[PDB]
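Residue-level structural notes
For reference, the chains in residue letters:
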Amino acid sequence: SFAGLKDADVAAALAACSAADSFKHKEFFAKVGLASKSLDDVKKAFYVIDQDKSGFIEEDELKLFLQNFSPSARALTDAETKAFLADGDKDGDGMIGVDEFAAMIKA
Ligand SMILES: [Ca+2]
Ligand SMILES: [Ca+2]
Ligand SMILES: [Mg+2]
């Protein structure tokens, strides 16, 4: 829901990355809808993965990225989390802020 994605695109996507170390951010962002959502929604998501409301997705909310879409879903492996944060975290503080998230989805 949060980001107004549909179940189908969400069930699709997860199937597509259910192997360990087959997760890829922009590919799942294309997939599940999010890379063509408005920037309002690209925020609504952000704040959902920010499970603890800190303003930031820390490395440990990032590895539970999937589960925000489906509870039973798998954790990301440590490499999968290391590339994302690698791609997201331009100021090197170890966690992703909104403006960084938005930035990595595009739009
Ligand atoms: Ca957080
Ligand atoms: Ca950062
Ligand atoms: Mg926390």
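For the structure itself, look to the data block above.
Analysis parameters
Residues numbered from 1 in each chain as written, not as in the entry; some residues may be left out. Chains lettered and ligands numbered in written order. Heavy atoms only, no water. Salt bridge = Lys/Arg side-chain N within 4 Å of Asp/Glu carboxyl O. Buried < 20%, exposed > 50% of the residue type's maximum accessible area, 1.4 Å probe, protein only. Donors = N, O, S within 2.8 Å, 3.2 Å for Na, K, Ca; no water. Tetrahedral: all angles 85-135°; square planar, octahedral: opposite > 155°, others 65-115°. Helix = DSSP H or I, 4+ residues; strand = E, 2+ residues; numbered from the N terminus. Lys, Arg positive; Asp, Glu negative; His and termini not counted. Contact = heavy atoms within 4.5 Å.

Some points on the pattern of salt bridges
- Overall, the coordinates contain two salt bridges when judged by the stated rule.
- Close ionic contact of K6 with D9 constitutes a salt bridge, the shortest N to O distance being 3.3 Å.
- Taking the relative accessible area as the measure of exposure, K6 reaches 52% and is therefore exposed.
- On the basis of relative accessibility, which here comes to 22%, the residue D9 falls in the partly exposed class.
- With its nearest N and O atoms 2.7 Å apart, the salt bridge here joins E80 to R74. Each of the two residues, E80 as well as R74, counts as buried.

Points about the coordination of the calcium ion (ligand 1)
- Listed as protein donors to the calcium ion (ligand 1) are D50 (OD), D52 (OD), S54 (OG), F56 (O), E58 (OE), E61 (OE) and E61 (OE); their distances from the metal cover 2.2 to 2.6 Å.
- In primary-sequence terms, the residues that donate to the calcium ion (ligand 1) follow D-x1-D-x1-S-x1-F-x1-E-x2-E.
- A distance of 5.4 Å spans the gap from the calcium ion (ligand 1) to the magnesium ion (ligand 3), which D52 bridges by coordinating each metal.
- The class of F56 is partly exposed, set by a relative accessible area of 36%.

Remarks on the coordination of the calcium ion (ligand 2)
- Protein coordination at the calcium ion (ligand 2): the donors are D89 (OD), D91 (OD), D93 (OD), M95 (O), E100 (OE) and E100 (OE), at 2.2 to 2.7 Å from the metal.
- Coordination geometry of the calcium ion (ligand 2): the six donor atoms subtend angles of 47 to 167° at the metal centre, consistent with an arrangement described as irregular.
- Summarised as a motif, the one-chain spacing of the donors to the calcium ion (ligand 2) is D-x1-D-x1-D-x1-M-x4-E.
- A residue is classified by how much of its surface remains accessible, and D91, at 55% relative accessible area, is exposed.

Observations regarding the side chain of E61
- Of note, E61 is situated in helix α4 (residues 59-62).
- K53 provides the closest opposite charge to the buried, salt-bridge-free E61, at an N-O distance of 8.1 Å.
- Not counting residues up to four positions away in its chain, the partners in contact with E61 are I49, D50, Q51, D52 and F56.

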